[PDB]
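Trainee: any chance you could fold what I've pasted below:
(one chain, ligands or ions: 2)
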Amino acid sequence: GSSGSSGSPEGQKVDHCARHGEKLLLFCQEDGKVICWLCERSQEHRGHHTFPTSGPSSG
Ligand SMILES: [Zn+2]
Ligand SMILES: [Zn+2]
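Mentor: Numbering: from 1, shown residues only. Ligands and ions are numbered 1, 2, ... in the order given. Shown next is the protein structure:
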């Protein structure tokens, strides 16, 4: 698999998934919420099309 990109507790906690702990930068359409990497690749949001929120930004 993959160890991860950010693995430090001193990291800017921004919309961190309370389930996995990964930063939520994606936006699921089917659900209309913000999910993380693991989530997206999870049977929960599997196949679901998500978009990069990039914080306070429309496009
Ligand atoms: Zn998650
Ligand atoms: Zn979804």
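Trainee: pull out the buried residues from stretch 39-48.
Mentor: 39-40, 45, 48 (16 or more other C-beta atoms under 10 Å). For the C-beta atoms, the positions are set from N, CA and C on the backbone; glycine is no exception.
Trainee: in strands, which of those residues appear?
Mentor: Among the buried residues of stretch 39-48, no member falls in strands (criterion: DSSP state E).
Trainee: could you list which of those residues also contact ligand 1?
Mentor: Near ligand 1, judged by C-beta under 5 Å from the ion, the entries from these are residue 39.
Trainee: next step: the buried residues of stretch 39-48 restricted to helices.
Mentor: 39-40 (DSSP state H).
Trainee: and the spatially most distant residue from the centre of the chain, how far from ligand 1?
Mentor: Distance from the C-alpha centroid of the chain peaks at residue 10, with 18.5 Å (C-alpha atoms, centre = their mean). Noted for residue 10: a distance of 21 Å to ligand 1, by C-beta to the ion, to the nearest Å.
Trainee: can you check residue 18 too?
Mentor: 8 Å.
Trainee: okay, now that residue: neighbour count?
Mentor: By other C-beta atoms under 10 Å, the residues close to residue 18 number 8.
Trainee: list the contacts for it?
Mentor: The contact partners of residue 18, taken as C-beta atoms under 8 Å, 6 or more residues apart in numbering, number zero.
Trainee: helix/strand/coil for it?
Mentor: coil (DSSP: H, G, I helix; E, B strand; the rest coil).
Trainee: check contacts around the spatially closest residue to residue 29 that is not a sequence neighbour.
Mentor: With C-beta to C-beta, 6 or more residues apart in numbering as the criterion, residue 29 has its nearest non-adjacent residue at 5.3 Å, and that residue is residue 49. Contacts for residue 49 (C-beta under 8 Å, 6+ apart) come out as 28-30.
Trainee: nearest to ligand 1, of the buried residues of stretch 39-48?
Mentor: residue 39 (3.5 Å; C-beta to the ion).
Trainee: now the closest one, nearest residue through space, not along the chain?
Mentor: residue 45 (5.2 Å).
Trainee: look up how far residue 27 lies from that neighbour.
Mentor: Distance, residue 45 to residue 27, using C-beta to C-beta, to the nearest Å: 11 Å.
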